[PDB]
>>> print(open('start_15.txt').read())   # compact mmCIF, C-alpha atoms (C1' of nucleotides)
# COMPACT_ATOMS: atom_id res chain seq x y z
CA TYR A 1 -141.51 -70.61 -73.39
CA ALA A 2 -141.10 -66.88 -74.01
CA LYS A 3 -138.15 -65.17 -75.72
CA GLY A 4 -138.03 -61.49 -74.72
CA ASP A 5 -141.04 -60.16 -76.63
CA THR A 6 -142.48 -63.35 -78.13
CA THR A 7 -144.36 -65.74 -75.83
CA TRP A 8 -145.33 -69.32 -76.69
CA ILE A 9 -147.72 -71.63 -74.83
CA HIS A 10 -148.45 -75.18 -76.03
CA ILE A 11 -151.28 -77.03 -74.27
CA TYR A 12 -151.67 -80.71 -75.17
CA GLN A 13 -154.92 -82.18 -73.85
CA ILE A 14 -155.50 -85.92 -73.41
CA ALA A 15 -158.73 -87.59 -74.51
CA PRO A 16 -160.06 -91.16 -74.31
CA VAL A 17 -161.24 -93.28 -77.23
CA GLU A 18 -163.50 -96.00 -75.79
CA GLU A 19 -163.59 -96.02 -71.98
CA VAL A 20 -161.71 -94.82 -68.90
CA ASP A 21 -161.83 -95.18 -65.11
CA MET A 22 -160.79 -93.34 -61.96
CA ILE A 23 -157.35 -94.97 -62.21
CA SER A 24 -156.96 -93.35 -65.65
CA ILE A 25 -158.38 -90.06 -64.37
CA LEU A 26 -155.93 -89.88 -61.47
CA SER A 27 -153.08 -90.95 -63.76
CA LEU A 28 -153.92 -88.03 -66.06
CA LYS A 29 -154.00 -85.76 -63.01
CA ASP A 30 -150.52 -87.05 -62.12
CA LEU A 31 -149.43 -86.28 -65.69
CA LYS A 32 -149.89 -82.58 -64.86
CA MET A 33 -146.40 -81.32 -63.99
CA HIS A 34 -143.82 -78.70 -65.07
CA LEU A 35 -144.75 -75.84 -62.73
CA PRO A 36 -145.03 -72.43 -64.47
CA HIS A 37 -141.69 -70.79 -63.58
CA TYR A 38 -138.70 -73.11 -64.04
CA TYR A 39 -136.45 -70.49 -65.67
CA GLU A 40 -133.23 -69.61 -63.85
CA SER A 41 -130.50 -70.06 -66.49
CA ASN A 42 -131.69 -72.85 -68.82
CA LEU A 43 -132.89 -70.32 -71.41
CA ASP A 44 -129.23 -69.70 -72.30
CA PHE A 45 -129.33 -73.04 -74.13
CA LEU A 46 -133.08 -73.28 -74.81
CA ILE A 47 -132.99 -70.78 -77.73
CA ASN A 48 -135.28 -72.57 -80.21
CA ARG A 49 -138.90 -73.11 -79.20
CA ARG A 50 -138.78 -76.77 -80.25
CA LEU A 51 -135.71 -77.42 -78.10
CA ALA A 52 -137.40 -75.89 -75.05
CA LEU A 53 -140.51 -77.96 -75.77
CA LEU A 54 -138.41 -81.13 -75.90
CA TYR A 55 -136.57 -80.21 -72.69
CA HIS A 56 -139.84 -79.58 -70.86
CA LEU A 57 -141.39 -82.78 -72.25
CA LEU A 58 -138.35 -84.62 -70.87
CA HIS A 59 -139.54 -83.93 -67.31
CA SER A 60 -143.12 -84.91 -68.22
CA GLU A 61 -144.51 -88.46 -68.26
CA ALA A 62 -145.11 -90.80 -71.18
CA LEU A 63 -146.84 -93.91 -69.76
CA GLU A 64 -150.45 -94.63 -70.73
CA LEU A 65 -150.62 -98.45 -70.90
CA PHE A 66 -151.47 -98.51 -67.18
CA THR A 67 -155.11 -97.47 -67.59
CA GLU A 68 -155.93 -100.68 -69.56
CA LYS A 69 -157.17 -98.25 -72.25
CA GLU A 70 -154.96 -96.15 -74.51
CA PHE A 71 -155.37 -92.39 -74.93
CA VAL A 72 -154.98 -89.72 -77.62
CA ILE A 73 -153.46 -86.23 -77.48
CA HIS A 74 -154.64 -83.01 -79.15
CA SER A 75 -152.22 -80.08 -78.91
CA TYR A 76 -152.94 -76.40 -79.53
CA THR A 77 -150.47 -73.51 -79.45
CA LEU A 78 -150.73 -69.78 -78.74
CA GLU A 79 -148.18 -67.10 -79.60
CA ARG A 80 -147.75 -63.47 -78.55
CA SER A 81 -145.25 -61.43 -80.58
CA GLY A 82 -145.53 -57.71 -79.91
CA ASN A 83 -148.63 -58.23 -77.72
CA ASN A 84 -150.46 -59.90 -80.63
CA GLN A 85 -152.18 -63.18 -79.74
CA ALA A 86 -153.57 -65.70 -82.24
CA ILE A 87 -153.47 -69.42 -83.10
CA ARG A 88 -150.87 -70.95 -85.41
CA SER A 89 -151.34 -74.65 -84.56
CA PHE A 90 -154.55 -76.48 -83.62
CA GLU A 91 -153.91 -80.10 -84.72
CA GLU A 92 -150.21 -80.79 -85.27
CA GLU A 93 -148.35 -84.08 -84.92
CA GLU A 94 -144.94 -82.81 -83.78
CA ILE A 95 -145.89 -82.90 -80.09
CA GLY A 96 -147.29 -86.41 -80.56
CA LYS A 97 -144.30 -87.82 -82.42
CA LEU A 98 -141.87 -86.11 -80.04
CA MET A 99 -143.77 -87.64 -77.11
CA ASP A 100 -143.68 -91.09 -78.73
CA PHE A 101 -139.95 -90.75 -79.43
CA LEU A 102 -139.30 -89.73 -75.82
CA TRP A 103 -141.40 -92.63 -74.50
CA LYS A 104 -139.59 -95.16 -76.70
CA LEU A 105 -136.18 -93.69 -75.81
CA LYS A 106 -136.42 -93.56 -72.01
CA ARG A 107 -138.19 -96.92 -71.69
CA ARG A 108 -134.82 -98.73 -71.58
CA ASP A 109 -133.54 -96.35 -68.87
CA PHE A 110 -134.39 -93.02 -67.26
CA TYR A 111 -131.19 -92.10 -65.41
CA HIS A 112 -128.91 -92.47 -68.44
CA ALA A 113 -131.52 -90.92 -70.74
CA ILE A 114 -131.93 -87.93 -68.41
CA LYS A 115 -128.16 -87.49 -68.16
CA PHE A 116 -127.72 -87.76 -71.94
CA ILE A 117 -130.48 -85.29 -72.82
CA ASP A 118 -129.45 -82.84 -70.09
CA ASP A 119 -125.79 -82.91 -71.15
CA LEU A 120 -126.58 -82.44 -74.83
CA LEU A 121 -128.96 -79.57 -74.02
CA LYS A 122 -126.37 -77.95 -71.73
CA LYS A 123 -123.17 -78.13 -73.78
CA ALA A 124 -123.80 -80.07 -77.01
CA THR A 125 -126.27 -77.52 -78.35
CA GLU A 126 -125.33 -78.55 -81.89
CA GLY A 127 -126.27 -82.10 -80.90
CA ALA A 128 -129.57 -80.84 -79.48
CA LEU A 129 -130.43 -79.07 -82.75
CA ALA A 130 -129.34 -82.21 -84.60
CA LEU A 131 -131.71 -84.36 -82.53
CA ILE A 132 -134.59 -81.93 -83.05
CA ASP A 133 -133.84 -82.00 -86.80
CA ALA A 134 -133.90 -85.79 -86.55
CA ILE A 135 -137.37 -85.56 -84.98
CA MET A 136 -138.78 -82.55 -86.84
CA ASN A 137 -138.58 -83.71 -90.47
CA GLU A 138 -137.62 -87.20 -89.34
CA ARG A 139 -134.21 -88.21 -90.70
CA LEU A 140 -132.34 -90.97 -88.90
CA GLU A 141 -128.77 -89.85 -89.69
CA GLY A 142 -129.30 -86.71 -87.61
CA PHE A 143 -129.54 -88.87 -84.50
CA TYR A 144 -126.03 -90.13 -85.23
CA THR A 145 -124.68 -86.59 -85.41
CA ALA A 146 -126.30 -85.88 -82.05
CA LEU A 147 -124.57 -88.96 -80.66
CA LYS A 148 -121.40 -87.60 -82.26
CA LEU A 149 -121.80 -84.39 -80.28
CA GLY A 150 -122.38 -86.65 -77.29
CA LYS A 151 -118.72 -87.62 -77.47
CA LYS A 152 -117.99 -83.89 -77.67
CA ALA A 153 -120.13 -83.48 -74.53
CA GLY A 154 -118.51 -86.26 -72.50
CA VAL A 155 -121.76 -88.23 -72.40
CA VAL A 156 -121.52 -91.74 -70.98
CA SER A 157 -123.72 -93.06 -73.85
CA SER A 158 -124.95 -96.14 -72.02
CA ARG A 159 -125.72 -99.44 -73.73
CA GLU A 160 -129.51 -99.20 -73.43
CA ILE A 161 -129.80 -95.71 -74.96
CA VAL A 162 -128.64 -96.84 -78.40
CA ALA A 163 -130.78 -99.98 -78.07
CA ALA A 164 -133.83 -97.79 -77.43
CA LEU A 165 -132.87 -95.59 -80.39
CA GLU A 166 -132.61 -98.67 -82.62
CA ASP A 167 -136.02 -99.82 -81.36
CA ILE A 168 -137.32 -96.38 -82.38
CA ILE A 169 -135.69 -96.93 -85.78
CA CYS A 170 -137.50 -100.26 -86.33
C1' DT B 1 -81.62 -150.12 -156.38
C1' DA B 2 -83.47 -147.79 -151.08
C1' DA B 3 -85.76 -142.99 -148.20
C1' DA B 4 -84.85 -144.07 -139.92
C1' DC B 5 -85.82 -148.29 -137.29
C1' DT B 6 -86.19 -146.75 -131.12
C1' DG B 7 -85.48 -146.47 -126.00
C1' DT B 8 -86.33 -141.17 -124.54
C1' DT B 9 -90.01 -135.61 -123.99
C1' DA B 10 -86.13 -134.06 -118.35
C1' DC B 11 -85.71 -135.62 -113.34
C1' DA B 12 -85.39 -133.86 -108.13
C1' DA B 13 -84.97 -130.23 -104.35
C1' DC B 14 -88.10 -125.66 -104.12
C1' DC B 15 -92.85 -122.45 -105.29
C1' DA B 16 -90.70 -116.48 -100.24
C1' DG B 17 -88.02 -116.39 -96.18
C1' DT B 18 -88.96 -112.25 -92.23
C1' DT B 19 -90.17 -107.25 -90.53
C1' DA B 20 -93.76 -103.99 -90.00
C1' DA B 21 -100.07 -103.10 -93.02
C1' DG B 22 -99.85 -96.06 -90.65
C1' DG B 23 -97.04 -92.89 -87.22
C1' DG B 24 -98.62 -88.56 -85.81
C1' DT B 25 -101.73 -84.26 -85.47
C1' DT B 26 -106.23 -82.21 -85.53
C1' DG B 27 -112.75 -84.04 -85.57
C1' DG B 28 -116.70 -77.49 -87.34
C1' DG B 29 -114.70 -73.13 -85.61
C1' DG B 30 -118.57 -69.01 -84.98
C1' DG B 31 -121.95 -65.70 -85.73
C1' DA B 32 -128.14 -66.85 -85.32
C1' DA B 33 -131.98 -70.44 -84.37
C1' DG B 34 -137.72 -64.80 -87.51
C1' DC B 35 -137.37 -60.37 -88.26
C1' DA B 36 -143.93 -57.36 -88.33
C1' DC B 37 -147.74 -57.32 -90.38
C1' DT B 38 -152.57 -59.44 -88.14
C1' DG B 39 -154.32 -58.08 -79.92
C1' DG B 40 -158.82 -59.80 -76.64
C1' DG B 41 -160.83 -58.85 -73.44
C1' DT B 42 -164.16 -54.94 -70.49
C1' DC B 43 -166.06 -51.31 -70.25
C1' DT B 44 -168.55 -46.54 -71.82
>>> encode(input="start_15.txt", output="structure tokens")
Amino acid sequence: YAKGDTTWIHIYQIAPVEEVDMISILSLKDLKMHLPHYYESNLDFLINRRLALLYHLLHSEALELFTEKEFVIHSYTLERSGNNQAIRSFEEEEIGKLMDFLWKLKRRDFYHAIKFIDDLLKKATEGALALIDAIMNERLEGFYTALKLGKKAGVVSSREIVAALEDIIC
DNA sequence: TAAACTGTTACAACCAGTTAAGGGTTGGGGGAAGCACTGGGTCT
């Protein structure tokens, strides 16, 4: 995600812990998605880097219980503001917790979850920032405000979405 | 010259009737969501 002059790239590599197999290897190969250039108009609502990261992680995959062995993720980021490249994040949890939240949200449905997230990103930008503030610096009430903007966005707000959110709440 | 004896301490009905317990009108507008500073390679 690049904004005019600044350019951000976040690579999150997957590593094993005990053992893997070719099924796991090919599953990780299938995890590779989100082709380089997907920018036609979405940037008009992407604005914040975290929001764009969440939107792009929406189209990614979040299933790892298939391989019979669970995985771990290490994420590193690179920035380029004014043609200056360096590292500002080598081991940060926000990708991991965002990925876990996405996995636990869309487990109860993918069609309604996709519709909800897409609608809030498109028109309920306040709700999108509210959700990212509920994930970044985790505070549960922010989720509610996002859902509030959902009614401002005409979101269907299916039964299973709030159930998945409550399961995330624990 | 004596200093209240006694039945009696209310009965009975009844102990809110109805009507509605918000009507409406609006549920963040609107801007921004890092500005630089720190450049990594490959060559001479």
>>> closest_atom_pairs(input="start_15.txt", of="chain A", to="chain B", cutoff="7 Å", atoms="all atoms listed in the file", output="CSV")
residue,atom,partner,partner_atom,distance
A:47,CA,B:33,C1',6.7
A:48,CA,B:33,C1',5.7
A:83,CA,B:39,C1',6.1
A:84,CA,B:39,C1',4.3
A:85,CA,B:39,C1',5.5
>>> write_last_selection(input="start_15.txt", atoms="C-alpha atoms", output="PDB file, in the frame of the given file")
ATOM      1  CA  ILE A  47    -132.990 -70.780 -77.730  1.00  0.00           C
ATOM      2  CA  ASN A  48    -135.280 -72.570 -80.210  1.00  0.00           C
ATOM      3  CA  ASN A  83    -148.630 -58.230 -77.720  1.00  0.00           C
ATOM      4  CA  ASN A  84    -150.460 -59.900 -80.630  1.00  0.00           C
ATOM      5  CA  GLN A  85    -152.180 -63.180 -79.740  1.00  0.00           C
TER       6      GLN A  85
END
>>> atom_distance(input="start_15.txt", atom1="atom CA of residue 80 of chain A", atom2="atom CA of residue 128 of chain A")
25.2 Å
>>> atom_distance(input="start_15.txt", atom1="atom CA of residue 116 of chain A", atom2="atom CA of residue 162 of chain A")
11.2 Å
>>> residues_around(input="start_15.txt", residues="segment 151-158 of chain A", least_positions_apart="5", cutoff="9 Å", atoms="all atoms listed in the file", output="PyMOL selection string")
chain A and resi 112-113+115-116+119-120+122-124+127
>>> atom_distance(input="start_15.txt", atom1="atom CA of residue 125 of chain A", atom2="atom CA of residue 99 of chain A")
20.3 Å
>>> residues_around(input="start_15.txt", residues="residue 16 of chain A", least_positions_apart="5", cutoff="10 Å", atoms="all atoms listed in the file", output="PyMOL selection string")
chain A and resi 24+69-73
>>> axis_aligned_box(input="start_15.txt", around="segment 63-70 of chain A", padding_each_side="5 Å", output="AutoDock Vina command-line options")
--center_x -152.0 --center_y -97.3 --center_z -70.8 --size_x 20.3 --size_y 16.8 --size_z 17.3
>>> closest_residue(input="start_15.txt", among="A:8, A:90, A:38, A:45", to="residue 121 of chain A", atoms="all atoms listed in the file")
A:45
>>> closest_atom_pairs(input="start_15.txt", of="segment 85-140 of chain A", to="segment 59-63 of chain A", cutoff="8 Å", atoms="only C-alpha atoms", output="tab-separated table")
residue	atom	partner	partner_atom	distance
A:99	CA	A:62	CA	6.9
A:100	CA	A:62	CA	7.7
A:102	CA	A:62	CA	7.5
A:103	CA	A:62	CA	5.3
>>> closest_residue(input="start_15.txt", among="A:170, A:68, A:92, A:76", to="residue 21 of chain A", atoms="only C-alpha atoms")
A:68
>>> residues_around(input="start_15.txt", residues="residue 67 of chain A", least_positions_apart="5", cutoff="12 Å", atoms="only C-alpha atoms (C1' of nucleotides)", output="PDB file with C-alpha atoms, in the frame of the given file")
ATOM      1  CA  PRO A  16    -160.060 -91.160 -74.310  1.00  0.00           C
ATOM      2  CA  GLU A  18    -163.500 -96.000 -75.790  1.00  0.00           C
ATOM      3  CA  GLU A  19    -163.590 -96.020 -71.980  1.00  0.00           C
ATOM      4  CA  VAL A  20    -161.710 -94.820 -68.900  1.00  0.00           C
ATOM      5  CA  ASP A  21    -161.830 -95.180 -65.110  1.00  0.00           C
ATOM      6  CA  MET A  22    -160.790 -93.340 -61.960  1.00  0.00           C
ATOM      7  CA  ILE A  23    -157.350 -94.970 -62.210  1.00  0.00           C
ATOM      8  CA  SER A  24    -156.960 -93.350 -65.650  1.00  0.00           C
ATOM      9  CA  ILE A  25    -158.380 -90.060 -64.370  1.00  0.00           C
ATOM     10  CA  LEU A  26    -155.930 -89.880 -61.470  1.00  0.00           C
ATOM     11  CA  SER A  27    -153.080 -90.950 -63.760  1.00  0.00           C
ATOM     12  CA  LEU A  28    -153.920 -88.030 -66.060  1.00  0.00           C
TER      13      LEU A  28
END
>>> residues_around(input="start_15.txt", residues="residue 35 of chain B", least_positions_apart="6", cutoff="12 Å", atoms="all atoms listed in the file", output="JSON, numbers by chain")
{"A": [6, 81, 82]}
>>> residues_around(input="start_15.txt", residues="residue 164 of chain A", least_positions_apart="4", cutoff="10 Å", atoms="all atoms listed in the file", output="PyMOL selection string")
chain A and resi 101-109+113+159-160+168-170
>>> write_last_selection(input="start_15.txt", atoms="C-alpha atoms", output="mmCIF file, in the frame of the given file")
data_model
loop_
_atom_site.group_PDB
_atom_site.id
_atom_site.type_symbol
_atom_site.label_atom_id
_atom_site.label_comp_id
_atom_site.auth_asym_id
_atom_site.auth_seq_id
_atom_site.Cartn_x
_atom_site.Cartn_y
_atom_site.Cartn_z
ATOM 1 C CA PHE A 101 -139.950 -90.750 -79.430
ATOM 2 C CA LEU A 102 -139.300 -89.730 -75.820
ATOM 3 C CA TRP A 103 -141.400 -92.630 -74.500
ATOM 4 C CA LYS A 104 -139.590 -95.160 -76.700
ATOM 5 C CA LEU A 105 -136.180 -93.690 -75.810
ATOM 6 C CA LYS A 106 -136.420 -93.560 -72.010
ATOM 7 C CA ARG A 107 -138.190 -96.920 -71.690
ATOM 8 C CA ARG A 108 -134.820 -98.730 -71.580
ATOM 9 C CA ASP A 109 -133.540 -96.350 -68.870
ATOM 10 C CA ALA A 113 -131.520 -90.920 -70.740
ATOM 11 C CA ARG A 159 -125.720 -99.440 -73.730
ATOM 12 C CA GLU A 160 -129.510 -99.200 -73.430
ATOM 13 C CA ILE A 168 -137.320 -96.380 -82.380
ATOM 14 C CA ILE A 169 -135.690 -96.930 -85.780
ATOM 15 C CA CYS A 170 -137.500 -100.260 -86.330
#
>>> closest_residue(input="start_15.txt", among="A:3, A:97, A:74, A:88", to="residue 54 of chain A", atoms="all atoms listed in the file")
A:97
